[PDB]
Amino acid sequence: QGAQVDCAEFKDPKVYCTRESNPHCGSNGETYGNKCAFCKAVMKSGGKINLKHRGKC
């Protein structure tokens, strides 16, 4: 595979949260707005809640 899009990995930070970071379908049933917001949610959930589609699902 050679790695995937991991969340915590860009928490240096130097990446602005909650405005501009591209839309994406998260594996549950929702088109998440920013990557930070998706990441913040990923932390809670359960276990492995990766993205798949860009934009709408």
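Numbers here mean position along the shown chain, with the first residue as 1.
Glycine too: its Cβ is placed from the backbone N, Cα and C atoms.
Here is what Swiss-Prot says about this protein:
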type: DISULFID; residues: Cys7-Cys39; note: disulfide bond
type: DISULFID; residues: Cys17-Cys36; note: disulfide bond
type: DISULFID; residues: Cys25-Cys57; note: disulfide bond
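Distribution of Swiss-Prot features across the structure.
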| residue | record | DSSP (3 states) |
| --- | --- | --- |
| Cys7 | disulfide bond | coil |
| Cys17 | disulfide bond | coil |
| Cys25 | disulfide bond | strand |
| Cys36 | disulfide bond | helix |
| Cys57 | disulfide bond | coil |
Relative to the Cα of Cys7 (disulfide bond), which of the disulfide-bonded residues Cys25, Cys36, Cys57 have a Cα no more than 10 Å away?
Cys36
Among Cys25, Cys39, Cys57, which are recorded as disulfide-bonded residues, the nearest neighbour of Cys17 (disulfide bond) by Cα:
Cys39
Cβ-Cβ distance under 8 Å to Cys57 (disulfide bond), same chain, at least six residues away
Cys25, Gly29, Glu30, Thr31
Row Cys17 (disulfide bond), column other C-beta within 10 angstroms, all chains, value 13
Long-range neighbours only, meaning 6 or more apart in sequence with Cβ under 8 Å: which ones does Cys36 (disulfide bond) have?
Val15, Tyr16, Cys17, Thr18, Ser21
